[PDB]
Structures are given as structure tokens and as C-alpha cells.
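Questions regarding the structure given below will be posed in turn.
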Amino acid sequence: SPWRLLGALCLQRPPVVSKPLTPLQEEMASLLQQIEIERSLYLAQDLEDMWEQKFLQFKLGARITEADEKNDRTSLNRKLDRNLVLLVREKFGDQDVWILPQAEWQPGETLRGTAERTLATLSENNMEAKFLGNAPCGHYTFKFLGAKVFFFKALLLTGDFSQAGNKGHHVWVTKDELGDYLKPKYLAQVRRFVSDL
Amino acid sequence: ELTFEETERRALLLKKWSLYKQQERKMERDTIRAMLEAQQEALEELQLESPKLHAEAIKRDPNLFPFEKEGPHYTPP
Amino acid sequence: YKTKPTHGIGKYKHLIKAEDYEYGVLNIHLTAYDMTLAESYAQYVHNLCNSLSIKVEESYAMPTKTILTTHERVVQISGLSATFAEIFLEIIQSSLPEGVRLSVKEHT
Amino acid sequence: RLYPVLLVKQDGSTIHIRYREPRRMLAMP
RNA sequence: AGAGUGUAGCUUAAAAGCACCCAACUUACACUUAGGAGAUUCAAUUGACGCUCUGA
């Protein structure tokens, strides 16, 4: 039977900023600090004042660059405390669905080669990605002539995402907007293999 | 020396962290099972739809031996 | 007794062992600014390993080096499946708390 | 005693460390 | 649309036992000691709320 060969890639951007501590974790931090003080085994004022003013003079880099934008979905720095996933709008001849970046593959090209091609096929940038294994993460088959789509996985080491204002609709989705943007069951189940954490 | 109220608060903190990390390990295990079964059903579908690709799906990428990936920070470059 | 049906009912040494693509010996090196953080992460990774049924051999440490000091830890790992290695490594990546250096180096 | 001192290696990545004599700011040259 | 249907993770357990987590002893694991959380999907053996499979 005529089969429509299609692969894909669920790119993963790891969090550059660790998640902020909950008040429960802050209470545990206080408890561990006080037990550490209890278990501890043995002009300072001027030094403390100088060191605290050294702390005060420099402003710490904001852990959240997200509240100011509210519209920069295309920006690579949409979120910092969580993983990000690339997601680009696509328009087919018979369909128009917000679809994870896919690609067409041939039997002369392996799945790893298809993923490596897809790394720069649609973003036209100099992004640096890393692969773990040939094992995929999700498979979804929708027919009209058979077809299949393989959602793979990759991790971003560094990225020179030039011309961020691309003609595409790349919107970085962490966990929540996946259901909002991908309605059909064949595309709303990506969160099963997306690291929700 | 310590008082009774602080000991009770310590016990409550231990209980609440027990519950919190219990939920943490539970959700981590749920993610593990969910994505593992997703990968297994993906492999089964790949075997069913391609008898010549499941043989090359099991092989490992030889670039993982010098693997390297840094963790998170607070202030990005 | 040898001739009796109950022969060998008391043997035990056969139950004691005193001495398909898979990895080899894997060393995870954890260098950290904090003794407490390094120890906690070593405990966490060891718990993950013995919950996922990973043969862990050693959890030793390198000697301290001064040029402040950085504490080093080692986790030994043996036995990985295709998807199992991927899930293990990605869980480690997503569970690295703060400013710690991982490693997938080998022996020697 | 240990204190939460912020440390930076070469690029400006503040990290909390348990360090004696709370400096609140460290920068490796 | 149809079938299997159904006790917390597992039980030819009947509300239990294993599992599971931290606290201390451990480099660590483990042991031990202290603690912690848990279910028989809703109505009368039956019907309908949820899961898996077979299709579009």
C-alpha cells in the first residue's frame, strides 16, 4: 500500500533558570539551616558591612524575563524555569493545524539523518542540538494511502537563532499551551512524552 | 535547648515534606511509565509498519560516550 | 544422603555468586561547590539507580584539590537498555538541582 | 557555620554556595 | 460504534500483606530504629462512570 513517510522532532530547550522554591521548601531550608547551626562545631562588623554593600551595589540578574514580554512567543527566552518546545504553524492543501515541526523522509535516509536535517530545515539558523538515541518518543498515524508521524526528541546545547522574527509561527510551548494549540487527539497527547516535570 | 512548639512545628514540617516529596516521586514515576509505554507502543507500531527499521532502531548512537551537558544557573549570559 | 531423594536439599553455594546491545562501565563524576549538595545529589542518583534496578558498584570520591575547594563524587553504573539509557540520562538532566557538573566518562 | 554566598566563575552566573564568611558576591578572575 | 472490562503499584487478600517515602547509622547503599501516606467508580447479582483493545 502507498505509505506517506513523515518524521518529526520534539525539540527540548532545558531551563537555564532553576525553578523558584516553594514556601514549603523555604520552611525546610530554614529547618535544615537551624539544625546545621545546632550541629555546627565552632573587627568583623566592618568586614560584614563592606561585604553587604558589595552585595547591594550589584543588582542580581532577574530570574524571570517573562512578565515584561507577554507576547514574545517567538523569542527563545519566553520561559526560563521550565522546558520549552518548538511548535510552528503549518498549512496543508487539505488541512490547517498547529502542528509540531515535521519533515518528509525517504528510505535512503535514516531517522537520525532526518532529524538532523529537520534541525535546520525550518528554522534556517545555526542552532546546536544533541541526540540521545534512535529510539523515538511518540508515534501518531492519521490516514486519509497510509501515513505515520514520529515525534523524536533532542536537547538544545546552544542556539544562534538569528532573525527571530521569522516568517513562520514558531511559538515555544512548555506544557500548558500544548492543549490550546493542538486540538486533535493525535496531537494533544504530546505531553505524554514531553517532560512535564 | 529547644521548646515544645518548635518541636511540634518540626514534626509538622517533616510530615508535610513527606507528603510533598511523596507526590513528587509519584508524579515522576507517572511520567516515567507514561513516556516508557509511549516509546514501547511507538516501537511496536514501527515493527508492524516496517520490518526493516526495528532492527536499526535498537542500535545506539556512538556519540554518547563523551557525553556532556551543563545544568541550570540563575543569571543567563 | 546421596542415594536419597532429598539429596542436596541443603546446598546453598549455587545460590551465592561470590566474585542485545549494552554499555560498559560508566562513571558519573559530580563536582560541586557544596558538600551537602553533592552528597544529596549522590543519594538521589543512587536511589534512582537502585529503584530502576541498575547495578551500582562504587560511590567513592576523588581527593580534594585546592587552587575554595570543590567536592567530587563518583557513581558507578553498569547495565543499560536502549530506551533505558535515554530515560535515565534525561531524568538526571532534568533533576540536576543547581550548578553541578555531570559526566558519562568511562574507567581509566 | 555555612552561609549562602553567590558565586560567579567567568560569565556572570550567580550560584548559591554554602561558604564560610558570607561574602554575598564572588567572582573568579 | 462494538468487546474486555474495574481493590492505593502488585495480589485464584478478605478492607490485609507486600510494595513506597523521609528522619537518624551509614562516603554511600543496605540493615535497624522511629515515623507517613494511601484504595474495593456511581445506583439498585445487575445497570450506568473511568481505562485497554478492535474502526471510522
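Below, chains carry the letters A, B, ... as their sequence lines are ordered, and counting in each starts from 1.
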Legend entry - Residue pair E:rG47 and E:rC42, Watson-Crick or G-U wobble, under 3.5 Å both: yes
Inset, instruction - Inspect the surroundings of NZ in B:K16 and state if more than 12 heavy atoms from other residues, nucleotides or ligands are less than 6.0 Å away. - result: no
Inset, instruction - For B:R33 and E:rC10, give me the distance from atom CZ to atom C1', rounded to whole Å. - result: 13 Å
Legend entry - Atom-to-atom span, CD1 of A:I35 to P of E:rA24 - whole angstrom: 7 Å
Inset, instruction - Find the distance B:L13:CG to E:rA23:P and express it as a whole number of Å. - result: 12 Å
Inset, instruction - Please state how far atom CD1 in B:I32 lies from atom P in E:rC20, giving the value in whole angstrom units. - result: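 Rounded to the whole Å, the gap is 16 Å.
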Legend entry - Side-chain donor-acceptor pair present, A:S195, A:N83, cut-off under 3.5 Å: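 Looking only at side-chain atoms, A:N83 and A:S195 do form a donor-acceptor pair, the distance falling under 3.5 Å.
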Legend entry - Rounded distance in Å - CD (B:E41) to P (E:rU54): 11 Å
Legend entry - P atoms of E:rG9 and E:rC51, separation to the nearest Å: 15 Å
Inset, instruction - Please list, by residue number, the residues of residues 42-61 of chain C whose heavy atoms come closer than 4.0 Å to an atom of RNA chain E; answer none if no residue qualifies. - result: C:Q43, C:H46, C:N50, C:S59
Inset, instruction - Using the torsion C1'-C2'-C3'-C4', state whether the ribose or deoxyribose of E:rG50 falls on the north (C3'-endo) or south (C2'-endo) side. - result: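 On the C3'-endo side: north.
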Write out a two-atom table: protein N or O, nucleotide N or O from nucleotides 33-37 of chain E, distance below 3.5 Å.
from	atom 1	to	atom 2	distance (Å)
E:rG36	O3'	B:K15	NZ	3.3
E:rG36	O2'	B:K15	NZ	2.3
E:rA37	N3	B:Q22	NE2	3.3

